[PDB]
Amino acid sequence: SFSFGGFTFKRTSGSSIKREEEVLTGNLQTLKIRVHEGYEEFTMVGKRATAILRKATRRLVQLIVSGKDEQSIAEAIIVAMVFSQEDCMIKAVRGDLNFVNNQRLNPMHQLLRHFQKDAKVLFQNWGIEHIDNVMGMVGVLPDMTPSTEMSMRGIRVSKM
Amino acid sequence: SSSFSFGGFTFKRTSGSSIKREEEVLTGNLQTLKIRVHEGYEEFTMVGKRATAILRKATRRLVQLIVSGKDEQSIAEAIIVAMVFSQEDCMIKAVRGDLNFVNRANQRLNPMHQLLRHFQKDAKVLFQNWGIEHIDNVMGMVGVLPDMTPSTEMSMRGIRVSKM
Amino acid sequence: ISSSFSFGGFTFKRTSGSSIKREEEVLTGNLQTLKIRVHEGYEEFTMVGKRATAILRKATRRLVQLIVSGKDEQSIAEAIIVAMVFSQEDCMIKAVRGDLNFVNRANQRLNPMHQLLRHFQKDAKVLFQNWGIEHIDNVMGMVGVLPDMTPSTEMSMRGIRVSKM
Amino acid sequence: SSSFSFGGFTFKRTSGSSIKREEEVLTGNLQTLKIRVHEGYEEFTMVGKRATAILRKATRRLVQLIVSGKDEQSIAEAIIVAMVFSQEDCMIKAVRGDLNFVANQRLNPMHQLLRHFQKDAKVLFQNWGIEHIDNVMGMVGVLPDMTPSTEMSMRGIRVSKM
Amino acid sequence: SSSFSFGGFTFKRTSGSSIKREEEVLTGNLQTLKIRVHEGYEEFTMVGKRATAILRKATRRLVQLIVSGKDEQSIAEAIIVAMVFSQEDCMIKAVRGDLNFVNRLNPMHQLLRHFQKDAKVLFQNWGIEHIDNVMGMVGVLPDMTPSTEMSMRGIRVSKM
Ligand SMILES: CN1CN([C@@H]2O[C@H](COP(=O)(O)OP(=O)(O)OP(=O)(O)O)[C@@H](O)[C@H]2O)c2nc(N)[nH]c(=O)c21
Ligand SMILES: CN1CN([C@@H]2O[C@H](COP(=O)(O)OP(=O)(O)OP(=O)(O)O)[C@@H](O)[C@H]2O)c2nc(N)[nH]c(=O)c21
Ligand SMILES: CN1CN([C@@H]2O[C@H](COP(=O)(O)OP(=O)(O)OP(=O)(O)O)[C@@H](O)[C@H]2O)c2nc(N)[nH]c(=O)c21
Ligand SMILES: CN1CN([C@@H]2O[C@H](COP(=O)(O)OP(=O)(O)OP(=O)(O)O)[C@@H](O)[C@H]2O)c2nc(N)[nH]c(=O)c21
Ligand SMILES: CN1CN([C@@H]2O[C@H](COP(=O)(O)OP(=O)(O)OP(=O)(O)O)[C@@H](O)[C@H]2O)c2nc(N)[nH]c(=O)c21
């Protein structure tokens, strides 16, 4: 149990080792981040959203989100994309990362605030996939619009 | 026929049948409820002390409800009970806050009665978010708005009040 | 061309339309992958069995309409089951409970479509109860039919009618 | 009865009621707006200087609108106000670019939306939805370019000939 | 933008208007096409050598088409052009394989040439509807057989 981007995570399944790694942003900035290695399954519980995150080494496997509005769902998705530590998320940063709280934030909270400010490049470069339509699951598009046919890769919105 | 009691009404099934399946659903406050979802078309009469009704229902869907009652408050009580009984998502999503009702003997009410008592205390969110529809003029019957005002032009989706 | 064939104990004869095929992976109600050849296009068929006959309109993974004429309600139900399976609809595939592992007399797996057919012939309750119900118009010579096979002049399983002729 | 002013029109509620729920929604440019979403069926008359209307509305949905006006501009102004007022998701997704309207006082989200669409209704009108209409005497349909039609109309929108 | 040639047909707009927005669409094969999407209700007459038509269209939607033609192939040619021109998602999803046509054609002419070569996937997947009996007009099936009971969604053939 822990906390990240306004969400309480609880690992329900799996495990990982934490490995320090330098990554490179889409503006060619160098970040030192603690990379988690292994398949994991989390419960995410926020104030206006909840999600099930299944996850591997630098890869989002599946996110199933419920929320009280459009914004809250968009928050969970962003948090989960940052949390996954995926390189296409890291490559989607535009400009330099200079966020402050006058103290300088850590690389993960740096990427989190950047995408919370503008999610558009993140969403529009993540990738679309054809969906199956299993029970109670709808797709969400890069413009936050729902779909029964296409979705952002590994991202589902629960209608349950 | 098979009879049961729910929400102060006797239901007797007059058409159709159903199977049950356990599903996890999420309230408007994002609380998990384990309910037995009934699957299939069914028709019921509902008989209470001050109102009666005919209900058609399908899998988590109120198809149609006609209520006959002594007064508007009894009619509302019947609509509430039918809407909860339908197991509809927009009913479940109309829940505000957590559900923690208990009985005299200190036993946690089951999920369906949890929803029932919640909406028996206050049905504003449920009624206002249920859906409104255009209706045809049919003699002997009227539409009803969320504030329980009769209407010959509009009605809460699938809900009618008998003038007989 | 596939305009004439046997399926589920019924002779199908195409009377309108045409189709193309595309091999597709569908997911059952127990998360089992089935490789089926999906027929794309509007088609109309007569179905002729020993105890029932029907007219079927179908499109891409959709039963458009079915009218069944039969000797008894059990035979009528058999025809409805076959037409629903044949339609390749997602709600039929999602109505599968458990894994499908049917075998013939010689010990081979049946193909996916016969896998689905034998499942629903064993028990069609989930299929019928989850298919969808609709309000019908009064049309003389025809009635609706409920999942429990009771005739109805008011409601019917979606797109399904029973002939009184 | 209940009244307020919005977009230069006096709204008077003639049927129905609503409750409010504060929500956050995303524009067609992913800008977050915090709005109070009104829930429930309501009918209003709208009275302006150059047009009047009857509006039916439900939760984030324009059910139907009939407008009577002195000319095409006045009729359009009423349609724009009714679409923004409805709080429809397709209206919010029609927003192009960021909203920063500003006495120098930054407008609330609803007036943010109103001012944007009073400037440029093209995206709003062209994306709203079109429908085939029945012939009803005393009434016509209206196309996005404000041309009257007896065959098609912007979804739920009619112009009175009275 | 109210008078032009497309697919061998002169289009003349008779009602409505549109705006354009450049967008990225995905083919049934996952090939990205950059197209200028026209937004708004418009009505056109289409005049070719061997067929004429009236077309109502909206944002990426064929509302209705009526075709008058000398024979089955000329009627089919007009239907194909109208369906491509409509910019519908189910036209784009009916594409099989990659598009690489050269005279390198723009996206819309890429789509057109592809469906002029093989309309089978497009016609079979377009959608079928029940129809009303209207004298002077018939339905048409994907195989181009006339029908007085069913038709490809929104498509009619004039008997005048
Ligand atoms: C990506 N993360 C992050 N994380 C946990 O998230 C919590 C808060 O993240 P943080 O504040 O950005 O970093 P920090 O406190 O320095 O810890 P860390 O360096 O391990 O990420 C930490 O307790 C960390 O262990 C994770 N925990 C598990 N189990 N799997 C993961 O993939 C991840
Ligand atoms: C939603 N329900 C509920 N219900 C019946 O309503 C009564 C009260 O519901 P309950 O408090 O959930 O009791 P329980 O026995 O746990 O419910 P169930 O039968 O669904 O398992 C019971 O007699 C139950 O059988 C129903 N009966 C029919 N025929 N169709 C239905 O959709 C439903
Ligand atoms: C779903 N089907 C099945 N089918 C035909 O039904 C017959 C028996 O079905 P099958 O043995 O389960 O399928 P099979 O022979 O493996 O292959 P296929 O479905 O690709 O034709 C075959 O001749 C097949 O062509 C069909 N024929 C037409 N015309 N339209 C259809 O939708 C379908
Ligand atoms: C969408 N609206 C807006 N609205 C009312 O229209 C007026 C102008 O809206 P506004 O500028 O957003 O003011 P505000 O007080 O923030 O709106 P609200 O009361 O929704 O929080 C206010 O009196 C507001 O109460 C409404 N009144 C009713 N009855 N039904 C509605 O759907 C709506
Ligand atoms: C889909 N189209 C296409 N089109 C016009 O059709 C003609 C041929 O289109 P084209 O060969 O794809 O070239 P192009 O200029 O790239 O088309 P566009 O306008 O989409 O950018 C052009 O003059 C174009 O403006 C249209 N004109 C109107 N009025 N409405 C429409 O929906 C469409």
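General observations
- For the stretch E:32-116, the alpha-carbon coordinates run over 34, 28, 20 Å along the three principal axes, in decreasing order.
- Debye-sum result for the stretch C:70-165 in log10 I(q)/I(0), which assumes one identical scatterer on each alpha carbon, at q = 0.22 Å⁻¹: -1.11
- Using alpha carbons only, the radius of gyration of the stretch D:52-100 set against its Kirkwood radius gives Rg/Rh = 1.02.
- Placing a pseudo-label 7 Å from each Cα along the Cα-to-Cβ vector at residue B:23 and residue C:148 gives an inter-label distance of 2.2 nm.
- Antiparallel bridge percentage (DSSP; both residues within the protein assembly as shown; nearest 5): 95 percent
- Entries of A:47/E:34; A:18/B:34; C:58/C:122 with Cα pairs more than 31 Å apart: A:47/E:34; A:18/B:34
- Amide H contacts for residue C:16 (H built 1.01 Å from N in the peptide plane; partners 5 or more residues away or on another chain; cut-off under 5 Å): C:44.
- Phi angles across the stretch C:58-64 convert, under the Karplus curve 6.51 cos²θ - 1.76 cosθ + 1.60 with θ = phi - 60°, into 3J(HN,Hα) values of 9, 9, 4, 6, 7, 7, 8 Hz, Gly and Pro given as x.
- Net charge contributed by nearby residues that have their C-beta within less than 12 Å of residue C:72 (K/R +1, D/E -1): +1
- Normalised by the number of residues in the stretch B:1-163, the mean separation of alpha-carbon contacts (under 8 Å, six or more apart) gives a relative contact order of 17 percent.
- DSSP assigns beta bridges within the stretch A:43-160; of those with both partners inside it, close to 85 percent run antiparallel.
- Backbone amide hydrogens, once placed in the peptide plane, bring residue D:6 within less than 5 Å of D:11, excluding anything fewer than 5 places away on its chain.
- Projecting the Cα atoms of B:109, B:59, B:80 onto the dipole axis of the stretch B:36-142, where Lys and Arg carry +1 and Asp and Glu carry -1 at the beta carbon, places B:109 farthest toward the positive end.
- Relative compactness, chain D, computed as alpha-carbon Rg over 2.2 N^0.38 Å: 1.01
- Magnitude of the charge dipole, the protein assembly as shown, Cβ model with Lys/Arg +1 and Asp/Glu -1, debye to 20: 820 debye
- The stretch B:1-19 and the stretch C:2-52 have Cα centres separated by 39 Å.
- Helix-derived mean residue ellipticity, 222 nm - over chain C, DSSP H n ≥ 4, -39500 (n - 2.57), to 500: -6000 deg cm²/dmol
- Put simply, the amide H of residue A:40, placed in the peptide plane, has neighbours under 5 Å in A:55, A:56, leaving out anything fewer than 5 places away on its chain.
- Net +/- balance of residues flanking residue A:33 in space, Cβ distance below 12 Å, scoring K and R +1, D and E -1: 0
- For the set B:124/C:125; E:49/E:159; B:49/D:12; A:32/A:117, the pairs lying more than 29 angstrom apart at their alpha carbons are B:124/C:125; B:49/D:12.
- Using a Gaussian network model of chain C in which every pair of alpha carbons under 10 angstrom is joined by a spring, one finds that among C:109, C:51, C:14 the greatest mean-square fluctuation is at C:109.
- Of every Cα-Cα pair in the protein assembly as shown, the percent that sits beyond 47 Å: 29 percent
- Charge sum, other residues only, whose C-beta stays under 15 Å from residue A:20's C-beta, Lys/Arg counted +1 and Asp/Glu -1: +2
Note: ideal-geometry Cβ built from the backbone for every residue, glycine included; neighbour counts use all protein chains shown. Quick note: the coordinates plus some simple rules give every number you see, no bench work behind them.
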